[PDB]
There are 2 protein chains.
Amino acid sequence: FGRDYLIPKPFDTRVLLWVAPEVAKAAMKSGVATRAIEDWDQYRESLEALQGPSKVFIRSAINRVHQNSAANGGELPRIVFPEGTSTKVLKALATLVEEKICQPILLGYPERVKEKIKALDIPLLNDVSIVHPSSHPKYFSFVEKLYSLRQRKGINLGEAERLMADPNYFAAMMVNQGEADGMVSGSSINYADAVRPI
Amino acid sequence: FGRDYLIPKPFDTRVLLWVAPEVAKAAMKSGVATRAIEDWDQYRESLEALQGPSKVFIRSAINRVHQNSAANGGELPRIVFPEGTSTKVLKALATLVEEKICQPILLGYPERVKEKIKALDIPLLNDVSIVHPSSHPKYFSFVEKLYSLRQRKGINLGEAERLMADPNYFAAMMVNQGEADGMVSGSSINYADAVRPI
Ligand SMILES: CC(=O)SCCNC(=O)CCNC(=O)[C@H](O)C(C)(C)COP(=O)(O)OP(=O)(O)OC[C@H]1O[C@@H](n2cnc3c(N)ncnc32)[C@H](O)[C@@H]1OP(=O)(O)O
């Protein structure tokens, strides 16, 4: 509660629970009610039934994301998308960035993704970070890490370098190494291939 | 036999088989021999034994490549190397190009492989074709081919597109489609991974 929180949020499931009964109370107290409510707990049960998960679960999730970011000085989670040119992904990110759900980082050749974004006419993404794995400054430290993790599992430095050039691997490593808070993939390839580097 | 072939080539392996027994014969007929050769078949065999594969096999292969070339107007086989930045591959390519064995096509980001070539100082490769798979004119044509080849083996257009950006897949496709006459890979990754796209 404060200067940046003066009223409930619209996606707050409690407004109904709090407000509808006080309105009920005021209607009866003013005598304009024709049906008295006696059991108020039972009444709130009746109100919650009206607010089930098919209506409110996602709404509440989003709210919670917002409470989390707000309670952390407002930073949004950094989420990497290895499929930077995926039409579905970019279009979703429009919605997503506009509503402060995360700070996306896209992977791919910058010129080619700025191009797909312009072709699809999504202007909300002109600020988004775009990273090409091989030319990322932390690339070689990443390959060292993958190497050390899998040197006795068929992956030496040459091969680690090769894999780390793949966005799926780069993303997984960013998340692992804390250069990202999470990642989302598989919009454009089969699950096994997308999940394996994770 | 003709105006451009009046004698054996210096490295003709038949020369000993042909000349040495006639010299022996002449030595005997002229009376300067002190040990007569009786079984000539046995002698010619003994001479065959003196120039075995450890002495001539690769020499003969290389000559055979050259005269193959000559019979097609000096055409060299186009061989693609997906590991355009392998120091072993480049160093060997120095010899190979210098000795007219093939016409190499390197795969990778042209800037980084030219950096490598300059770093290792192989000046005979300033002329070598360097191709970045995704930005080659026949790239999408290739992707289509791969798609139609394995659409019922877990590869639809999206994934075909992703794979065909891999130098190994690109090289294999070049050889398949006749844009290159052969390919050599596996210098810097394990065999399974190198051979699988082939
Ligand atoms: C120089 C050296 O040191 S080699 C050292 C050790 N040797 C090795 O590690 C290779 C051991 N062999 C292997 O790992 C596997 O057999 C591989 C790499 C050859 C390929 O097999 P997998 O990894 O299982 O992939 P997969 O088999 O699904 O793809 C191979 C393709 O070639 C075909 N293929 C592979 N092996 C064969 C085979 N013996 N006979 C006929 N077809 C084959 C497959 O049918 C498949 O093609 P398709 O799916 O379109 O029909």
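Working note: Debye formula, equal point scatterers on the alpha-carbon atoms of chain A, no solvent; log10 I(q)/I(0) at q = 0.12, 0.15, 0.18 Å⁻¹ is -0.75, -0.98, -1.21. Taking the Kirkwood radius as Rh and the Cα radius of gyration as Rg, the protein assembly as shown has a ratio of Rg/Rh equal to 1.29. Between the C-alpha center of the stretch A:177-197 and that of the stretch A:51-122 there is a gap of 15 Å. Entry note, chain B: the mean residue ellipticity at 222 nm calculated from DSSP H runs of n ≥ 4, each adding -39500 (n - 2.57), is -16000 deg cm²/dmol after division by the residues and rounding to the nearest 500. Can you tell me what percent of all Cα-Cα pairs in the stretch B:60-160 are more than 15 Å apart? Roughly 68 percent, rounded to a whole number. When you filter the GluC sites (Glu not before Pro) in the stretch B:1-94 for DSSP loop state and at most 12 other Cβ atoms inside 10 Å of their Cβ, you are left with B:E38, B:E75. Each 5 Å bin, from zero up to the one with the longest distance, holds this percent of the alpha carbon pairs of the stretch A:1-85: 3, 11, 15, 16, 14, 14, 10, 7, 4, 3, 2, 1, 0.
Excluding residues fewer than 8 places away in the same chain, name every one of the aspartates and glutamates whose C-alpha is closer than 17 Å to that of A:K55. Answer for A:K55, where 17 Å is the Cα cut-off: A:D12, A:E45, listed by chain and number. Ranked for footprinting exposure by Cβ neighbours inside 10 Å, fewest first, A:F140, B:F170, B:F1, B:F57 give B:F1, B:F57, A:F140, B:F170.
Label-point spacing at B:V65 relative to the other copies reads 5.8 nm, in ascending order, each point sitting 7 Å out from Cα along Cα→Cβ. In nanometres and ascending order, the distances from the B:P77 label point to those of the other copies are 5.4 (point 7 Å from Cα along Cα→Cβ).
For the stretch A:36-79, the calculated P(r), taken from all Cα-Cα distances in 5 Å bins from zero up to the bin holding the longest distance, is 6, 18, 15, 14, 12, 13, 10, 7, 3, 1, 0 percent.
Considering only beta bridges that DSSP places wholly inside the protein assembly as shown, some 10 percent are antiparallel. Measuring between alpha carbons in the structure, the pairs from A:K153/B:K114; A:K145/B:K114; A:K138/B:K116 lying more than 30 angstrom apart are A:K153/B:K114.
Largest GNM mean-square fluctuation across A:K29, A:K118, A:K88, computed for chain A with C-alpha springs under 10 Å, falls on A:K29. So which residue, out of B:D12, B:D166, B:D41, gets the largest mean-square fluctuation from a GNM of chain B using Cα contacts under 10 Å as springs? Checking each option, the largest mean-square fluctuation is seen for B:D41. Rank A:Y43, A:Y169, A:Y109 by mean-square fluctuation in a GNM of chain A with C-alpha springs under 10 angstrom and give only the top-ranked residue. Comparing A:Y43, A:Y169, A:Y109 in the GNM, the peak value goes to A:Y43.
Taking the C-alpha atoms only, the angle from helix B:110-120 to the longest principal axis of chain B is near 40 degrees.
Virtual Cβ from ideal backbone geometry, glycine too; neighbours counted across all protein chains shown. Only the coordinates and a few stated rules stand behind these numbers; no lab work does.
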